[PDB]
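J.: Below you'll find the sequence and an experimental structure to go with it.
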Amino acid sequence: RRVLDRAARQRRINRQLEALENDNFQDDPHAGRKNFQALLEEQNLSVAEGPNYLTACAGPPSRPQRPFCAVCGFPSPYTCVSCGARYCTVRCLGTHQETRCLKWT
Amino acid sequence: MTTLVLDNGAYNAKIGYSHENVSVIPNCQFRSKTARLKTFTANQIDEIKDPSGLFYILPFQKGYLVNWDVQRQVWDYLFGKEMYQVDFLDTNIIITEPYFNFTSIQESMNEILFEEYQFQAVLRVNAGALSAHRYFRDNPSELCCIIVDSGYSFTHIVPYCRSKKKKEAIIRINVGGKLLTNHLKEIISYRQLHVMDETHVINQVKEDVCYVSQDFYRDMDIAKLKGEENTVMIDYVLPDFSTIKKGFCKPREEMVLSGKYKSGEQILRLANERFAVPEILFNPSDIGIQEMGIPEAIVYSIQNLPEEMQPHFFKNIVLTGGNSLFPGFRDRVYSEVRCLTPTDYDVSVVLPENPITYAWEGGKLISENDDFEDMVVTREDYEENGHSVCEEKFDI
Amino acid sequence: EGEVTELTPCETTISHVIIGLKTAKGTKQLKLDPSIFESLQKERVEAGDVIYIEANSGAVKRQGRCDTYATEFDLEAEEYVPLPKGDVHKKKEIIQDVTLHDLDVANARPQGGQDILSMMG
Amino acid sequence: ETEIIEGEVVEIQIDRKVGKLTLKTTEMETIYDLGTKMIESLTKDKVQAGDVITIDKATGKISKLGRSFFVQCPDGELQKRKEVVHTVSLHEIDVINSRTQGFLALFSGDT
Amino acid sequence: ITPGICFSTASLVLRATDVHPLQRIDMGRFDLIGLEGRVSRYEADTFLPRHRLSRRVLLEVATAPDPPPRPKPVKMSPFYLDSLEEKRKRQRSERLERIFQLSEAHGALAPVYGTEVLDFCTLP
Ligand SMILES: Nc1ncnc2c1ncn2[C@@H]1O[C@H](COP(=O)(O)OP(=O)(O)OP(O)(O)=S)[C@@H](O)[C@H]1O
Ligand SMILES: [Mg+2]
Ligand SMILES: [Zn+2]
Ligand SMILES: [Zn+2]
């Protein structure tokens, strides 16, 4: 099978995490000003220049990350070779391969 | 004469007068497919009858005010003839700001409040400052406190001295109710049924069924079982808005293991999502956020501070915000902090009766004080000295 | 007894060893006699391991790794142990019966000893 | 109860320590991130791609039961929780606890 | 060449003789054979009876400030808590008592023979 490089895995993780901050998943039912990144780039905020928004971000946790199954959520001993997603059983692996492995359906 | 207290949160606006009670009103506009040309503003969401597929127009992105038009409309509705009938020229306003608010947003706040409404005086503070003031009023013997504000868009942990905020030790965790609700939607959509357009219903589901587990892996093992022994599993009937107005959980005696019901109710079965979703607050890395959780961040913020003050901070942990209403939140925070705190230092975690309205009560208390007039910035002083002195007096 | 959160020998040779032990009831910082550092190094004690130290003898037993670190690797040959529940410092007053033969046989042969003759014994 | 990992080795990577191990059954395939002790155990007992091995997770006890391309590759789940029952005689307990490496006396007399 | 015999036993069997420290007494107070080749008659008979620590000396040294630095060679309270400090001084007292009791226990036994006797009696 195919294998996804680190850039693809990081892009998928970043895209999934950013989607959790979306206001709505659908479009405007009416169908017919800045953003956070514009505010940050306008603030010209530099690290170590006293307490600010960037320096207030929480650091990495000491306790290691705990793996959970990407399909059912229960703990997952197994890691998918192709995309690096975690899974816990043959049924869950089949569901992951059919749904979100490689092409993101 | 009168004083208006406003907590301009990204999800709920705690607006009220100093001499009256507190009201919780959503601080965002709404659009629905049941209305062709109609945008609901603030508490008008009560008028709609089919909140399924509701569209949210928010004035806050990632917890900071970024959309000014919708915020202006919401404020005009709240200050209009229908809600509060605010006499701007003879009213003082206490309005809260996000932590580390950007300079541009502060300038826009000052300009709008002092020119578009022309308030008599404005006091812009942080919700944590009001919570700390209320806590110190309740406990006069305490010299320090640490405030956990687990809100809609983030969770800050800010330590407060008697009359000063420790800006060095502020730690933000980028997990809030918005993230938890979106994650629950994504889980339910991937596992059982597509609910990504049901933000309102999924939010109610999270508020009704989710809880914080004292033993995570014991609960996972219990949820993995099948039959009577699976006490965690419950059946939730989503509201169809035809005969079931609001969602509810089926009683355990009425639960059917097979999952098929003769009545055509759309039943959503949740077993491990009950505590997996709240766990993101304590373990952000569960979903993929490489950030320390609430207890570790509390300990880190305290331990950055000098040694003499640490035991006082450990004795006055205060939980504020909506996310603090999860069952088991207080006990879990206490257990984890106790595990991490030195044995010689006593740990006390306090969860108020209404963590939503804590900041509003603090604002009312600070309004009633005889030092209130010195804190505010007047419009007459705004004309000449205002734009600098607004930054100078307010400790944002 | 507890999970090791810090293991720092203080140089003058080593004047003392500062150790940090964690339990469910808190964290304690201990100053150890420098002779215990050899025992800690022999037992292969690192941060995250659950150990106990005898106050009177300096004996160290590393009874596995803490189960909070069980997910740090997907496959390690480690024994993961729960974090101890009580206090780090545990005191117990005990009454134990021994016979004179036990004391006789304890002194018949030497115990330990890093010499070659002792090891071969 | 013990956790037993039985499968066919696909790829083993060790770098100067960190390592990865890829194991497959006839129904699933997985990549493992290895710890230092399991890396040492796999280095001591030469394990290469194609070998069918079983691992006791808690001990690193690796026993090679053949090669596959001879024993057929295992079918079901790679990681299995097994219940192992031992019936141990009092004499065996006494001999094992009589001295260090005392279990050897169970085979050579010398008790 | 044959593979070895893999003898499998219950994990509980390997802990049969193990006793938790809180459940067993210190057997080093009866260790006579361990003193041979390490402890001398001088230490047991002449030195220790004269230079044993006392609780008073230990407390005086612990409470006294740090000694002045050794001279170089010459070629010739708002945050104060009363309960925390009471706990800390109780801990210090317990630590000093433990140090005293252990120092007395670790030098209580005298060798049967001693290093001097063995050296005198040991021919080349
Ligand atoms: N009973 C409840 N159980 C769980 N979550 C709840 C409950 N009630 C409210 N919430 C959550 O509380 C959050 C809103 O809390 P608030 O702190 O009032 O938000 P906000 O303060 O207006 O926004 P911020 O964070 O201050 S910018 C939402 O994400 C709700 O889902
Ligand atoms: Mg708020
Ligand atoms: Zn699964
Ligand atoms: Zn995959």
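T.: Yes, it's here. Residues are numbered from 1 along each chain as shown, chains lettered A, B, ... in the order given. Ligands and ions are numbered 1, 2, ... in the order given.

J.: got the contact list for residue B:95?
T.: B:6, B:7, B:8, B:109, B:113, B:122, B:123, B:124 (C-beta atoms under 8 Å, 6 or more residues apart in numbering or on different chains). C-beta coordinates here come from the backbone N, C-alpha and C atoms, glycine included.

J.: Sketch out the strands for chain C, chain order is fine.
T.: Using DSSP state E, the strands found in chain C span residues C:2-11, C:14-23, C:26-32, C:49-53, C:60-66, C:80-81.

J.: from the chain's centre, how far out does the first one sit?
T.: Centroid separation for strand C:2-11 versus its chain: 12 Å, with C-alpha atoms, centre = their mean, to the nearest Å.

J.: Buried residues of it, list them for me.
T.: Going by neighbour count (16 or more other C-beta atoms under 10 Å in any protein chain shown), the buried part of strand C:2-11 is C:2, C:3, C:4, C:5, C:7, C:9.

J.: which helices and strands sit right next to that strand?
T.: With contacts defined as 3 or more C-beta pairs under 8 Å, 6 or more residues apart in numbering or on different chains; DSSP states H and E, strand C:2-11 has these neighbours: strand C:14-23, strand C:26-32, strand C:49-53.

J.: Counting neighbours, what do you get for the closest residue to residue B:261 other than its chain neighbours?
T.: Excluding its sequence neighbours, the residue lying closest to residue B:261 (C-beta to C-beta, 6 or more residues apart in numbering or on different chains) is residue B:267, at 6.3 Å. Residues contacting residue B:267 under the criterion other C-beta atoms under 10 Å in any protein chain shown number 17.

J.: I figured residue B:267 hits residue B:235, correct?
T.: Yes - Residue B:267 lies in contact with residue B:235 (C-beta atoms under 8 Å); the separation is 5.1 Å.

J.: Run through the residues that contact the residue nearest in space to the middle of chain C.
T.: Centroid check for chain C by C-alpha atoms, centre = their mean gives residue C:60 as the closest residue, at 2.1 Å. Shown in contact with residue C:60 (C-beta under 8 Å, 6+ apart): C:36, C:39, C:40, C:42, C:43, C:45, C:51, C:52, C:53, C:54.

J.: how deep is the closest residue to ligand 4 within chain C tucked in, by neighbour count?
T.: Per C-beta to the ion, residue C:74 is where chain C lies closest to ligand 4, at 15.6 Å. Neighbour count of residue C:74, defined by other C-beta under 10 Å: 22.

J.: what's the answer for residue C:116, then?
T.: Neighbours of residue C:116 (other C-beta under 10 Å): 8.

J.: Select the longest helix from the chain.
T.: As the question left the chain open, I've gone with chain A. helix A:6-19 (DSSP state H).

J.: try chain D instead
T.: helix D:36-44.

J.: Next, report how far that one is displaced from the centre of its chain.
T.: On C-alpha atoms, centre = their mean, the centre of helix D:36-44 falls 11 Å from the chain's centre.

J.: Can you confirm whether the helix or strand following it lies near chain C?
T.: Remark: after helix D:36-44, the chain's next helix or strand is strand D:51-56, criterion DSSP states H and E. Yes - on the criterion C-beta under 8 Å from any C-beta of the partner chain, strand D:51-56 is in touch with chain C at residue D:55.

J.: in its sheet, what does strand D:51-56 sit against?
T.: Strand D:51-56 pairs in its sheet with strand D:2-15 (antiparallel), strand D:61-67 (antiparallel), by DSSP bridges.

J.: roughly how far apart are the residue most central in space within chain A and ligand 3?
T.: Residue closest to the mean C-alpha point of chain A, counted by C-alpha atoms, centre = their mean, is residue A:13 at 2.8 Å. Distance of residue A:13 to ligand 3, given as C-beta to the ion, to the nearest Å: 19 Å.
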